[PDB]
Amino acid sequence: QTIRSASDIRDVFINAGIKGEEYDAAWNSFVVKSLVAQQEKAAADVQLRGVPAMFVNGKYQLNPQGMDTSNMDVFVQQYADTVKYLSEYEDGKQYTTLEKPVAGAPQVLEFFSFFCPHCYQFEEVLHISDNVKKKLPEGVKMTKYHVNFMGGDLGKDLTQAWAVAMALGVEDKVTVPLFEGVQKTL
């Protein structure tokens, strides 16, 4: 169940409960085609240099380097808070303001890769994700986009695979199995 190829990614989806026909149907769908393009554009729109990264309303970029890292606990609590705050802490510290705002951007957008070790931690060690969306205000959702500038050929397939996950609404079912399958390969 390690992920070294496209078919391996398919296997993980199947073992998550998505049937191969549904996966293939979505893999080749218009919506998924459109989602891979938008994942790429949205990264380009904020001039994304790397992951993990998080942006609020196309306006603000979370700045974990300007956060209290005394310990893990305090850091996770402050990160989930800055997200709460901005979705309603001084500029240049816990967050920065984008020069040219991205209109039409999701309320809260995280960028990640199944290849990125700090992304695996953010998601399944620090639980930054779970922790921010447990404090996220009502009517505000967290979106996650996969980036294709990591992992070569396999990275692009994972970006299209994620588009399928979003297309079918099975993000919660495959996130962990996908992180595990790629990180095990490391």
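Heads up: residue numbers just count along the shown sequence, starting at 1.
Count the deposited residues lacking coordinates between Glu88 and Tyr89 and you get 4 to 9 of them. Legend: mean Cα B-factor per stretch from the PDB entry, 118-126 versus 39-47; the higher mean is in 118-126. Averaged over CA atoms, B-factors in the entry run higher in 96-104 than in the other of 96-104 and 70-78. Taking the deposited Cα B-factors for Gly151, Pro64, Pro137, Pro52, the highest one is held by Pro137. When the modelled residues of the chain are ordered by their C-alpha B factor, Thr185 lands in the highest third.
Sort the modelled residues of the chain by CA B factor and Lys173 lands in the middle third. Among the modelled residues of its chain, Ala26 has a C-alpha B-factor that falls in the middle third according to the deposited record. When all modelled residues of the chain are sorted by CA temperature factor, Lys144 is found within the middle third.
Ranked within its chain, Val56 lands in the middle third, by CA B factor from the PDB record.
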